[PDB]
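To keep things clear, I will list the structure first and then write my remarks on it.
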Amino acid sequence: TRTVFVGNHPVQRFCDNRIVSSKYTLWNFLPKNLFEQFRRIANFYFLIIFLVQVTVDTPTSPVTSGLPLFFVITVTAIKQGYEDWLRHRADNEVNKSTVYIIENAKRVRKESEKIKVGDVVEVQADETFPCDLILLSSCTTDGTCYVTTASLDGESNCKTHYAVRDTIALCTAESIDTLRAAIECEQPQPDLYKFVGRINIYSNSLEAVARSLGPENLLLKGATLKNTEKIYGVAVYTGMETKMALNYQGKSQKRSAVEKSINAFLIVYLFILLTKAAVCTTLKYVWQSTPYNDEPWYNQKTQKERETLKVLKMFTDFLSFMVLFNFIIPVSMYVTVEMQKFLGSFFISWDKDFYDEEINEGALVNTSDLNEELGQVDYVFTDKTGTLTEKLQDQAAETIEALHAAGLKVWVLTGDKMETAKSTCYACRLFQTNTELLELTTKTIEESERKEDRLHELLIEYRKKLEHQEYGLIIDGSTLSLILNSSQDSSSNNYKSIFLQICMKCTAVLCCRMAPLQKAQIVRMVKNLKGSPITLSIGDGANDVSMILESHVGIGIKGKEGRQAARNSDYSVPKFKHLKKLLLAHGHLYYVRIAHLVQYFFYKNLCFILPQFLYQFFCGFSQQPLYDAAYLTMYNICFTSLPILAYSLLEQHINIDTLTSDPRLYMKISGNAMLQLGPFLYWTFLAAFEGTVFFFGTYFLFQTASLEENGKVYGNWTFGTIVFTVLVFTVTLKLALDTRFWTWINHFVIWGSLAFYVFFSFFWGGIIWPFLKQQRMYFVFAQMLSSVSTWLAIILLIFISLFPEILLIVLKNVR
Amino acid sequence: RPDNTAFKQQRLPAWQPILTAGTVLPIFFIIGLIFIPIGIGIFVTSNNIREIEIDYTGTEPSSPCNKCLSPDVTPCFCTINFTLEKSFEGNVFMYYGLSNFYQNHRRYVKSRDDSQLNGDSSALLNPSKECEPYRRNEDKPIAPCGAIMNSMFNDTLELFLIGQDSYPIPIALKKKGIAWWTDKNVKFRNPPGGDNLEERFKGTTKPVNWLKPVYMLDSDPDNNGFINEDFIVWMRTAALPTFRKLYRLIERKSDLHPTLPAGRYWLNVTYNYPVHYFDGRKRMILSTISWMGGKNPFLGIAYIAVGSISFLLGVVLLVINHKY
Ligand SMILES: *[C@@H]1O[C@H](CO)[C@@H](O)[C@H](O)[C@H]1NC(C)=O
Ligand code: ALF
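Top line first, the protein sequences correspond to chains A and C.
Just so you know, the first sequence maps onto residues 19 to 29, 38 to 416, 651 to 726, 743 to 1091 in the authors' numbering.
Count along the second sequence starting at 1, add 26, and that's the number in the authors' numbering.
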């Protein structure tokens, strides 16, 4: 379809060898990064609430609500800018390189990104090709060349491509002799094994030689040349069209399995907050309809609240209620998760078990956002040569047994022929003796609709009737290519459906002769089939870098080939016997900590802002915050935001020395259990109960007219302080009951939170500075605890609140 | 080479507690055994405390002074007979409650300038702009600004004991000792300028609803301005639509006779504060005090219920837990 002129001479519209893998342009990084960030539902609600606080009314200071929204936007943006500059600087080293070309009867040396379609390139021994050449000649006769495609298929066996026959005579000898030629090729395709072209070399006067081309004459990019002095090609594909840059697909934005449940929780609390605000406003304007409940001769708007329009004050009051019940959704659950992840990614790096003495290095964490997804994996799309076999690895069999025991389903997407990738798999225990292979290789599917009947015979009458451990499939790049690319022929009986059912119903699967992209197609179908089974992929070489970018958490291994598939991996382990300890002892703990941190960061604020709403019924719906103006600001900062951080950062749900010895445990947190609809309603019905107990059990306590032996009344700030003491004590004792790994830091931080709450209540009230425009809470906390019935009421409430947990323990224990 | 610090290797020393059925069950019995006695204690103490509430808001011709539910702009009086069945022995405290008086409103709980009431020479002549619209009257600043101090409760309640004969006997009511010590001694101080009070408030003006400036509340040199016990106990907000502010302290006699012997009394009230507009009700609560505070049954019932529902649940789980 495309006509290229070998000598480029008569008798343009194509890219010039510029691989561009980056995403953000240097100039428009911000106008794109901020628009990609502020599209989310959380990072935009935070901005709406910040603007409302700055415009209409704020109980707290605007800074304590818009300062976190800056540390969260400046840190994620810096992360993304750096992981983009890395690919910028890594593509700069692939372009702007040295590649010699025969410009005009001489050997000019340009930069790889300046090569245009249709010019005789040159390549010395052991040089990655600059572009998809077409072997034209060679210093030696026979027109042969020994290419080793280590960066495409991933195997290192010496292939051999034959140069054009009639052109073997051109070896630096007048190769610029207006060489008549015109290669009519086909549009660029990712097949990597099919290429149909033709040469039309013209002689002195005119020639009609038409030497049809094939895959034997095609020299892809990224295939080092072995055992040869020099060659001569003619770039046919170059830049974003070569067969090595066609099998990339690009990198998607990876979001953990938790960062979606946090988003569902936030989208439910948005509705809870809106319901609270709307119901409070409606009840406020149904209450102020009584002539004498607004301005009853003892408090009267000056003139502005009398003249202000009716329909604008309704909106201003709705906004005041929203801003006042702002705390339901915590912006302190992101500035905390940042630190949690940044500090938790170090325990995967330092761990002394990830140390290989040969290479003398350890693990590596390239992204700190997928830690919480090491304990959710369901599949493992391995790679045969280099990862499994280096003669299997040290423990390449016991690790696969541990990965079959924990519930995972290990596949093998290799790149070698079916003859050898089958024997190894038969040694790794992936194929036991009594495993009836369902071989769908191209050696048995020599037809178009034949495999159509193969799939029916296999599914509708062989396997779909069920013995779940007997069958193990096998495929090739010639059969799966049809199965997938031609999956738009039948829709009443979908091919891809029949095939995916067979694959997901077998014990283990294999795939021989797999091009780089077909791996990403398999790991893109598996990510979509029937929900979202979290997939994993563990490659070693620069050909796996596609499924490592398409999987959910792509683990990369640091092997003999190089660091081209480790620097694009979300992690790094220099072995395969590590993939057990990595995703059994570091996935379980990380997911447990993150799930409990989220559940608690939502419960600790619902229980905090429920009373501050219930109170609106005993006020005149006037938006009077029950608590003081310093407690609303300090709760999430110092009072109860210290403990959960230390818990999330160091707490073993189950001692790790037992997590890796019994891989059965990984099945308790497999289906995202710890954040499903069950526990989310157990934590939203514990907060919505403690937040009513606190309030009403203090309200009933204030029906006595006095609480001191000397008979003195208590204001409306002692209401707030009693409820806040009860609240802090309860939401710290809940975590002190939930924590089951008590280090020297957990005792310290937990008990220190309570001791500091007490000392701060004492020190904030008791000294007039004065720099406060108001003396509301001067001596409230001392005169409050100077009574004998207050201690008793509080010790009764901190137990009526913790009753549900102590009961669930005693019941979720026996039977 | 490998950094083996016992912290980084995730192998710190831990407690790893094991709490379950056989180790928490005795807790559901200790709770009951330590919550039933305290429950009965604070339900008998809150039961042996006497009090009385004499509403005198009027609202019905059948009241002693419904005559003043709609009177002329002059001082009013009542006489609300009340009788005590069993006299009071300890110290007796006289409160004055209200109803449907939202002293916790937002537009109301902030209507005050704390710097001023704390005695800031500057603020005394330039109160803040939050205590509006009671900030300045007659192009001058009000001494106590804000809607809180403006609407102070200005009723006068007085008890008279009717002895064997019709001669009414007055009772000793002391005003000192009703406001928090912390605040009256420190939070509320008179302006520093000079010693005599009338010259400290030079650019000031009594509140609008008030009838006498702040330097004439009481002649007593220690109860004269910005620290008047009643004024303070009113400047503390209510926290609910129905509150009860300490009014006077009746001291127990030296003799063993009851502070308020049983019989009939007179409640001579100088009606001034009108609370019929907003469907409110005033009343006088005469009550004694005990170690834990006034008469309130809640705490007792709550402790008893918690102790019992802990003991019963513990026994139930113990029976079933033993049953396996
Ligand atoms: C008492 O206060 C009320 C309400 O502010 C006021 O209307 C009345 O005139 C006052 N009466 C006095 C000062 O005796
Ligand atoms: F063994 Al491979 F890509 F097939 F590393």
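From the three backbone atoms N, C-alpha and C, an ideal C-beta is built for every residue, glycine too.
Nearest C-alpha to residue 97 of chain A among A:324, A:360, A:351: A:360.
The Cβ atoms of residue 209 of chain A and residue 225 of chain A sit closer than 8 Å to each other. Residue ranges of uninterrupted beta strand (DSSP E) with 3 or more members, entirely inside the region 360-415 of chain A and ordered along the chain, are 405-408.
In this structure, residue 1040 of chain A places its C-beta atom within 8 Å of the C-beta atom of residue 1053 of chain A. Chain order gives the chain C residues near residue 1044 of chain A as 144, 212, 213, where near means a beta carbon separation below 9 Å.
Those residues having their beta-carbon less than 6 Å away from any non-hydrogen atom of ligand 1 are, in chain order, C:177, C:180, C:235, C:237, C:298, C:299. The C-alpha of residue 49 of chain A is placed about 10 Å away from the C-alpha of residue 107 of chain A.
Between residue 1036 of chain A and chain C, the shortest Cβ-Cβ separation is not below 8 Å. As a beta-bridge residue in DSSP terms, residue 310 of chain C pairs with C:80, C:122.
Each residue's CA atom was taken as its position, placing residue 881 of chain A and residue 353 of chain A some 6 Å apart. Under DSSP, residue 296 of chain C takes part in a beta bridge, and its partners are C:182. A residue is called buried when at least 16 other Cβ atoms come within 10 angstroms of its Cβ; residue 140 of chain C meets this threshold and is buried. For residue 674 of chain A, the shortest separation between its Cβ and any heavy atom of ligand 2 lies below 7 Å.
Looking from the CA of residue 206 of chain A, the closest CA among A:38, A:958, A:228 belongs to A:228.
Short of 8 Å from the beta carbon of residue 152 of chain A, and not among the five residues preceding or following it, lie these beta carbons of its own chain, in chain order: 250, 251, 252. No Cβ of chain A is located within less than 8 Å of the beta carbon of residue 256 of chain C.
The beta carbon of residue 37 of chain C lies closer than 7 Å to none in the same chain, with the five residues before and after it left out. Each of A:1031, A:45, A:957, A:874 was checked against the Cα of residue 274 of chain A, and the nearest Cα belongs to A:45.
The Cβ-Cβ distance between residue 263 of chain A and residue 158 of chain A falls below 8 Å. In this structure, residue 1085 of chain A places its C-beta atom within 8 Å of the C-beta atom of residue 45 of chain C. Residue 814 of chain A is positioned such that its CB atom lies closer than 8 Å to that of residue 406 of chain A.
Within the region 780-859 of chain A, the beta strand (DSSP E) runs of at least 3 residues that lie entirely inside it are, in chain order, 786-788, 812-815, 829-832. Proximity of the beta carbon of residue 677 of chain A to ligand 2 is not indicated: no heavy atom of the ligand is located closer than 7 Å.
The beta-carbon of residue 241 of chain C is placed no less than 8 Å from the nearest beta-carbon of chain A. With a cutoff of 7 Å, residue 838 of chain A does not count as near ligand 2, since its C-beta is closer than that to no heavy atom of the ligand.
Residue environment for residue 821 of chain A: buried (at least 16 other C-beta atoms within 10 angstroms of its C-beta). CA-to-CA, the gap between residue 294 of chain A and residue 744 of chain A works out to about 40 Å. At least 8 Å separates the beta-carbon of residue 327 of chain A from that of residue 272 of chain C. Contacts between residue 322 of chain A and chain C, judged by CB atoms closer than 7 Å, involve 303, 304 in chain order. Per the C-alpha coordinates, the member of A:1013, A:1046, A:976 positioned closest to residue 321 of chain C is A:976. Secondary structure note for residue 658 of chain A: its alpha helix (DSSP H) is the uninterrupted segment 658-665. Look at residue 240 of chain C here: in three-state DSSP terms it is helix.
Among the CB atoms of chain C, one or more fall inside 8 Å of the CB of residue 898 of chain A. The nearest non-hydrogen atom of ligand 2 is less than 7 Å from the C-beta of residue 819 of chain A.
By the criterion of a C-beta distance shorter than 7 Å, residue 311 of chain A is surrounded in its chain by 340, once the five residues flanking it on both sides are discounted. DSSP, read as helix, strand or coil, puts residue 247 of chain A in coil.
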